[PDB]
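Shown below, as structure tokens, is a lone chain in the form deposited in one PDB entry; questions about how it binds or moves come after it.
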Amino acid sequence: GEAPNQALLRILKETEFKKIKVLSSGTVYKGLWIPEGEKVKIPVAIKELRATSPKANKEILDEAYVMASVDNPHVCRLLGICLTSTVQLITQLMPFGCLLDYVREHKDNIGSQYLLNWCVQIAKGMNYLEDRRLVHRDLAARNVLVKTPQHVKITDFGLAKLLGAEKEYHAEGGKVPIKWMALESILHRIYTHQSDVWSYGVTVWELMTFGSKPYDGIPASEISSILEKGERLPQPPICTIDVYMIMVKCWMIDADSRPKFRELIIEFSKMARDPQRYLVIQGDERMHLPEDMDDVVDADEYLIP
């Protein structure tokens, strides 16, 4: 928090990237980035702001600020921004979309190995963010993207806050995903790396249930009371007690009693060595998961200049 942030913010020319097809409606497109005279085509996601509200541009630049300051295999890579009428945020294309829809659309072919490895990858990304003294505040299955079935990265830094060498972040008001929030956050609007661990717990639960909604019934207004009553999310069927107890620990009320990301890395990694012993899934073994593009290179292989 005293170290100068020397990240580079790259400004890209509009004419250097071609939009191929749309992905959603903010408005994300799927396209290619072709730095002039470099003989490379980089698959890319282009989020172009819709009318420009001085507030909308402020928000997108804050995201670019955060994304530009991170660099880890399990965190989404920012290529740059384009300063056109509408400010476009250009990122690495994550072909398989968000992990939440992915577990839903592929239940029948997702084995224990993939599930446990995702848990390790997300924990590594989160540990890295903690190294950078960055509190995410919106960790969830919807905010993890899939580069390949074997490689996911944390995304959506739209609420991420960089702590000053400051113990916790105190929020204002405004929409927050209460069902993924720690108790001390729903109550006192406090947020820490440990509150992120709580969110990590719910994210794992979403994965172990193949995409179920947490507290699929309860209205957000009640979540707070239920949590005080000492209640938590139910043990997913495929989960041995070893795995569920990790989740449960992430939901302790004493934030410091919850596990540390570096610990989650170790625990899930030991389990990933013998997946069938910690997640019980029917058919687990019998499961398989996945324009001239000669010059195409993934952003992860396209470094600097």
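The first residue of the shown sequence is 1; numbering continues from there.
The next section is about a form of this same protein that is not shown, the form solved in complex with a partner chain.
- Put simply, residue 142 is close to its partner chain in the deposited complex: some heavy atom of it is within 4.5 Å.
- Within this chain, residue 134 is remote from the site of its partner chain in the deposited complex, having no heavy atom within 4.5 Å.
- Contact annotation: residue 167 falls outside 4.5 Å of its partner chain in the deposited complex, judged by heavy atom distances.
- Contact between residue 157 and its partner chain in the deposited complex is not found at the 4.5 Å heavy atom cutoff.
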